[PDB]
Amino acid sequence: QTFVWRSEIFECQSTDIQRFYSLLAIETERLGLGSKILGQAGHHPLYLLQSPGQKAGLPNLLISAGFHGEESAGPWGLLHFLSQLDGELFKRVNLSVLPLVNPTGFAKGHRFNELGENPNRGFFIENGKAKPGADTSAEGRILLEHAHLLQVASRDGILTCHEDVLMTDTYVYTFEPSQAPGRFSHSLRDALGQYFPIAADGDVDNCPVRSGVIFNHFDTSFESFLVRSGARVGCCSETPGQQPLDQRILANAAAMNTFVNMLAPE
């Protein structure tokens, strides 16, 4: 249940949520990002950070992390990604970020929130209308209440940064409007592949992984919801939890760089 690692990049425990929000505030402030508290989970804010001066003709990319509290390299990786950003990047992309969706899970190093709910499932779209259902977590309900904002924010792409806690090898879930995976899928999986071995062909969580990619597999996940809502492409990256935290942190940041690089090129 509880998973905790030490980060040397951040000189703290992976569950150090006070340190997390402190460093996230520093980056928000450095880059001039707008901060919007979508809601609170266990008196911890669920933020939507948006780059400044978002223009009509630039792609709208959304990056999300921390749906599952044990998959801590997502949020820390996002923090690492931001820390390397220049600000010039925002001249070519309207970047939005959900840095931590499950703070109560994150703070304790466990998958579910304090209520035992899975925040990554129960996102529905019924005859064009976004809505929660019987299995939506409190956080999921908070995000669904700002469905329009998040759909606009991810119009040109969604990247959610997960970890498969008991895996040693890496893989990606991708969504593209084609019969087979393309450059988009391959570049993101290659980015993770620079850090870890790619998962061999077979069933990972009852899904077929072919050449490091599970392609167009829809369920009630946040990324499935945003792709069905109109996001051009999608990715749910899966860094392996049995690897060292800092390597997973770097791999996550690397995938975010590749994601933004492809969809909003220099």
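Numbering starts at 1 and runs along the sequence shown.
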Q: Decide which of the stretches 93-101 and 109-117 has the higher mean C-alpha B-factor, going by the entry.
A: 109-117
Q: Between 128-136 and 178-186, name whichever shows the higher mean Cα B factor according to the PDB entry.
A: 178-186
Q: Using the entry's values, work out which of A153, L82, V172, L143 has the largest Cα B factor.
A: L82
Q. Whose CA atom has the top B-factor in the entry, of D219, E238, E29, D205?
A. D205
Q.
Please say which third, lowest, middle or highest, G74 falls into when its CA temperature factor is compared across its chain.
A. lowest
Q: Can you work out whether the C-alpha temperature factor of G34 puts it in the lowest, middle or highest third of the chain?
A: highest
Q) For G66, does the deposited CA B-factor place it in the lowest, middle or highest third of the chain? A) middle
Q: Would you please rank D16 by its C-alpha temperature factor against the other modelled residues of its chain and give the third it falls in: lowest, middle or highest?
A: middle
**Q.** Position of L46 among the chain's modelled residues by C-alpha B-factor, lowest, middle or highest third
**A.** highest
